[PDB]
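Reading through the structure tokens given below for one structure.
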Amino acid sequence: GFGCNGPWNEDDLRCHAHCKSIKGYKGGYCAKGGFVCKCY
């Protein structure tokens, strides 16, 4: 994962960091119990 490893490890800031690092995205957040790094 990219920061999102469940409610026991919710590095949302890291998911946003990841997605932001990819030109085209604005950010990212940990969805599905914080198991999925969803970029937007």
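The numbering of the sequence shown is the deposited numbering, which starts it at 1 and goes up by one. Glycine included, C-beta positions come from ideal geometry on N, C-alpha and C.
Residue range of the alpha helix (DSSP H) that residue i falls in?
| i | result |
| --- | --- |
| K26 | Premise fails: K26 is in no alpha helix (DSSP H) and is neither H nor E. |
| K32 | Neither: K32 is in no alpha helix (DSSP H) and is coded neither H nor E. |
| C19 | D12 to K20 |
If residue i sits next to residue j, beta carbons under 8 angstroms apart, how far is it from one beta carbon to the other, in whole angstroms?
| i | j | result |
| --- | --- | --- |
| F2 | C15 | 5 angstroms |
Within its chain, find whatever has a CB closer than 7 angstroms to the CB of residue i; leave out the 5 residues flanking it on each side and keep chain order.
| i | result |
| --- | --- |
| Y29 | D12, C15, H16 and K38 |
In chain order, what residues of the same chain lie with their CB nearer than 8 angstroms to the CB of residue i, ignoring the 5 residues before and after it?
| i | result |
| --- | --- |
| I22 | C39 |
| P7 | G33 and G34 |
By Cβ distance below 6 angstroms, which residues in the same chain neighbour residue i in space, the five residues on each side in sequence not counted?
| i | result |
| --- | --- |
| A31 | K38 |
| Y25 | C19 and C39 |
Quick one, are the C-beta atoms of residue i and residue j less than 8 angstroms apart?
| i | j | result |
| --- | --- | --- |
| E10 | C19 | no |
In the DSSP assignment, the beta strand (DSSP E) including residue i goes from what residue to what residue?
| i | result |
| --- | --- |
| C37 | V36 to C39 |
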